[PDB]
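> Going line by line, the protein sequences match chains A and B.
First residue of the first sequence? That's 1 in the numbering used here, and the numbers climb one at a time after it.
First residue of the second sequence? That's 328 in the numbering used here, and the numbers climb one at a time after it.
Using N, Cα and C, we set each Cβ at its ideal position, and we do this for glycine too.
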Amino acid sequence: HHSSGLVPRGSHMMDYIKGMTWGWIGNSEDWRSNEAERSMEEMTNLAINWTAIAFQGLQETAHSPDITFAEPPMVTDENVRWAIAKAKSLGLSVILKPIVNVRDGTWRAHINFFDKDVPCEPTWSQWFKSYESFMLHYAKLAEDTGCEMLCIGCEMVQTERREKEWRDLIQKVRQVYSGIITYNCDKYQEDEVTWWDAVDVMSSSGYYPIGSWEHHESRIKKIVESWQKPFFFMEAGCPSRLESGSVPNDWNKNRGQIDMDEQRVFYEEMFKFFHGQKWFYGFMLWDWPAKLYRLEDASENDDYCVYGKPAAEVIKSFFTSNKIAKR
Amino acid sequence: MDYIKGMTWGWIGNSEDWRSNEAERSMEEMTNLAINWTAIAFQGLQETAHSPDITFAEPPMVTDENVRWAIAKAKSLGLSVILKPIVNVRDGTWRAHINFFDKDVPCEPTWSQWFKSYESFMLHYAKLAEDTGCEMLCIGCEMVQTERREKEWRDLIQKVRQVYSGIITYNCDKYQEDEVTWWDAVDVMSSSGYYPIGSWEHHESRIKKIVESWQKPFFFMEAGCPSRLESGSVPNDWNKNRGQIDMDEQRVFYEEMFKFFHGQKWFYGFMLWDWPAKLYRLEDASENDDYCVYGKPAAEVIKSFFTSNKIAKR
């Protein structure tokens, strides 16, 4: 079967993740471009050994049950096979990360249905069936392509209390995908998921503000030791924007207000407190686009991407450092 | 507790409509339903279902003078009043989805922020209800994804009791009568009785058992059906089959509802939904797709019920 502690059972193979997310938001036209190959090749100069191939599925509202995927403008299955194979050809292990977004712009963490099944109303059973179709489609692609890990959800905060349905989904994923399973909880939520034992590896979105990282190392260490599972950050990063380090999760904050040093300071602090601890298994950073801006435009770019910015050198020196390279 | 023979007036609560000459004519016409109560209903607004800030009494919403007018006009017509302030969401999301994380997270909106804003909204109107002598205050409507916040609901009710001495209800949604754990904190239980054609005998049995488990008075704070094709299958769905007129669908809904819910000693009647501040012309009624019964067959079902042997006695 599957239940295990600090190491996933051998049949599913823990590696220290030195990663960068690639491809968000998952647009077929961007992934099919020439430019996509150049972008992924450049990403390898971060001295990463993993990438999360990340792309969206879509539902209309936070309270609608039906998820669409693999229809324009979203990635085709061939686009996904290409990205996985390209990453493996560059020496990377792959986390496949299908993420549901909401067409009306609502953050997916608010996706939610009534606790009670009411006749005229959308139900959890309807949404889980649609979510299962989406995730099992990509679990089968992950198996076919040899992805080392599958992330079965991201920041789905207002679904996490649905423990029986998450465990049922996981059992269905295990029947079609034989690699490592993680679930990416949101910032601050590491001790709030009741079903961590059903996945192989715990992970979170480590969007902790400047000045908090020492506190969160102590907090997360205790949580991870209580669960006896490997843990890593499935997202971590900061836009190169004025004050972004106070709310590094806020992708809409202070657009166009450039601050290279804010991003650099965020990364220096994060690596100062989360490095080689034996209970900790590293970083899947956020993020790197399929269409990468020119190097000459980097100093005026406001994105999470570190290409051409001082934070990139903090990342490379951390990932190539012996203390990390020995893990 | 009175037996409520009621119609809701004033929704959605637009100052310009309520200050019109037409508003007085509308409310006077409503009295010909042989009602003895009205719910004066109007909106407050928040931006999204996960926004903490509620705005009220700012254009285009009702002024406090407009609310004092509607309550006094209703009382001058011999009606007891339920004051019903209802939060809506500017993006169109149904208020039943208003919700926040169970965990307080630093960068995120919190239940404490939303309940502080909701308290300011509801206490403003609770004080207006006290000042104007409203017989009842409805402290929320169909707030399904806030009902589990039991301590915060009880805390809000304790504040409301300090400023309002009349009857308090909370209006739960359809099918939710057994799901609210804090019914004891209000005086009267109530729900949105949007039960489909063919289900009323079942729901009478279901609701009787719930009400007898609590040993409190119960009535419907909303009940009604648009005069539209197949609206009786989903009488809550205010957006269903717009412009597809069916006067008989609405009549059949009302006949069934009154067949099963009438004079039971545990049951305290109906606040029907709804009647606008600006009422269409009688000659336009047969082509009107609203919940309003004015000029339609269902109005005669309602009048004959509210004046009937079994009901006039309660």
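Can at least three beta-carbon pairs, one atom from the segment 405-416 of chain B and one from the segment 450-460 of chain B, be found at a separation below 8 Å?
As far as the Cβ criterion goes, the segment 405-416 of chain B touches the segment 450-460 of chain B, which means the pair count is three or higher.
> Please state whether the Cβ-Cβ distance between residue 304 of chain A and residue 237 of chain A is less than 8 Å.
Cβ atoms of residue 304 of chain A and residue 237 of chain A: closer than 8 Å.
> Taking Cβ to Cβ, would you say residue 179 of chain A is nearer than 8 Å to residue 148 of chain A?
Going by C-beta atoms, residue 179 of chain A is nearer than 8 Å to residue 148 of chain A.
> From the DSSP output, which residues share a beta bridge with residue 495 of chain B?
In the DSSP output, where bridge partners are listed per residue, residue 495 of chain B has B/464.
> Alpha helix (DSSP H) containing residue 411 of chain B: first to last residue?
No alpha helix (DSSP H) contains residue 411 of chain B, which is instead part of the beta strand (DSSP E) from 407-416.
> Give the secondary structure of residue 258 of chain A by DSSP, where H, G and I count as helix, E and B as strand, and everything else as coil.
Strand.
> So, for residue 232 of chain A: in the same chain, excluding its five sequence neighbours on each side, which residues have a beta-carbon less than 6 Å away from its beta-carbon?
Excluding sequence neighbours, residue 232 of chain A sits near 17, 203, 281 and 282.
> In the segment 278-304 of chain A, which residues sit with their C-beta less than 9 Å from some C-beta in chain B, listed in chain order?
Within the segment 278-304 of chain A, no residue has a Cβ that lies closer than 9 Å to any Cβ of chain B.
> Determine the closest residue to residue 38 of chain A out of A/7, A/292 and A/298, with distance taken between C-alpha atoms.
Here the closest residue by C-alpha is A/292.
> Could I get the ranges of all uninterrupted beta strand (DSSP E) runs contained in the segment 350-408 of chain B, with 3 residues as the minimum, in chain order?
With a minimum length of 3 residues, the continuous beta strand (DSSP E) runs that stay inside the segment 350-408 of chain B are 364-373.
> Mapping the DSSP letters down to three states, classify residue 599 of chain B as helix, strand or coil.
In the structure shown, residue 599 of chain B sits in a strand (DSSP, three-state: E or B).
> Candidates A/275, A/300 and A/40: which alpha carbon is nearest residue 320 of chain A's?
The shortest Cα separation from residue 320 of chain A among A/275, A/300 and A/40 belongs to A/275.
> Taking only beta-carbon atoms, is residue 506 of chain B less than 8 Å away from chain A?
Chain A, which has a Cβ nearer than 8 Å to the Cβ of residue 506 of chain B, makes this yes.
> Going along the segment 564-590 of chain B in order, which residues come within less than 9 Å of chain A, judged by CB to CB distance?
Against chain A - using a Cβ distance shorter than 9 Å - the residues of the segment 564-590 of chain B are 564.
> Under 7 Å Cβ-Cβ, which residues of chain A neighbour residue 451 of chain B?
By Cβ distance, chain A contributes nothing, its closest Cβ being about 28 Å from residue 451 of chain B, past 7 Å.
> Compute the distance between the beta-carbons of residue 254 of chain A and residue 268 of chain A, then report whether it is under 8 Å.
In this structure, residue 268 of chain A does not lie closer than 8 Å to residue 254 of chain A by Cβ.
> On the three-state DSSP scale, how would you describe residue 534 of chain B?
In the structure shown, residue 534 of chain B sits in a helix (DSSP, three-state: H, G or I).
> Can you look up residue 518 of chain B in the DSSP assignment and give me helix, strand or coil?
If DSSP states are grouped into helix, strand and coil, residue 518 of chain B belongs with the strands.
> How would you write the range of the alpha helix (DSSP H) that residue 318 of chain A sits in, first residue to last?
First-last of the alpha helix (DSSP H) with residue 318 of chain A: 310-319.
> Looking at the C-beta of residue 502 of chain B, does it have a partner C-beta in chain A at a distance below 8 Å?
Closer than 8 Å: yes.
> Starting from the C-beta of residue 539 of chain B, find all residues in its chain whose C-beta is less than 8 Å away, skip the five residues before and the five after it, and write them out in chain order.
Result list for residue 539 of chain B: 593, in chain order.
> Just to confirm the assignment, what range does the beta strand (DSSP E) spanning residue 22 of chain A have?
From DSSP, the beta strand (DSSP E) with residue 22 of chain A extends over 17-22.
> Do you know how far the Cα of residue 241 of chain A is from the Cα of residue 214 of chain A?
In a straight line, the C-alpha of residue 214 of chain A is about 23 Å away from that of residue 241 of chain A.
> List the residues of chain B that residue 119 of chain A touches, going by C-beta distances under 8 Å, in chain order.
By Cβ distance, chain B contributes 502 and 523.
> Please report the Cβ distance between residue 423 of chain B and residue 500 of chain B, rounded to the nearest whole angstrom; I am assuming they are in contact, meaning their Cβ atoms lie under 8 Å.
The Cβ separation is near 6 Å, so the contact holds.
> Counting contacts by CB-CB distance shorter than 8 Å, is residue 416 of chain B in contact with chain A?
Chain A contact via Cβ: absent.
> May I ask you to report which of helix, strand or coil DSSP gives residue 427 of chain B?
Correct three-state label for residue 427 of chain B: coil.
> Based on Cα-Cα distance, which residue from A/181, A/129, A/218 and A/157 lies nearest to residue 67 of chain A?
Of the candidates A/181, A/129, A/218 and A/157, the one whose C-alpha sits nearest the C-alpha of residue 67 of chain A is A/129.
> Provide the residue(s) that pair with residue 241 of chain A in DSSP beta bridges, ordered along the chain.
In DSSP, residue 241 of chain A forms a bridge with A/258.
> Give me the DSSP bridge partner(s) of residue 235 of chain A.
BP columns for residue 235 of chain A point to A/205.
> Using a C-beta cutoff of 8 Å, does residue 112 of chain A count as contacting chain B?
Yes, residue 112 of chain A counts as interfacial toward chain B.
> Would you mind giving the Cβ-Cβ distance between residue 425 of chain B and residue 464 of chain B, rounded to the nearest angstrom? I have them listed as a contact below 8 Å.
Contact doesn't hold; Cβ gap of about 20 Å is too wide.
> If you measure beta-carbon to beta-carbon, which residues of the segment 359-389 of chain B are closer than 8 Å to chain A?
Answer in chain order: 375, 376 and 377.
> What is the rounded straight-line gap between the Cα of residue 476 of chain B and the Cα of residue 470 of chain B?
Those two C-alpha atoms are separated by around 11 Å.
> Can you pull the chain B neighbours of residue 86 of chain A, defined as C-beta to C-beta under 9 Å?
Those within 9 Å of residue 86 of chain A in chain B number zero; the least Cβ separation is about 35 Å.
> Just to confirm my understanding: we take residue 369 of chain B, look at its own chain, exclude 5 residues before and 5 after, and list those with CB closer than 6 Å. What are they?
Here the set comprises 337, 340 and 389.
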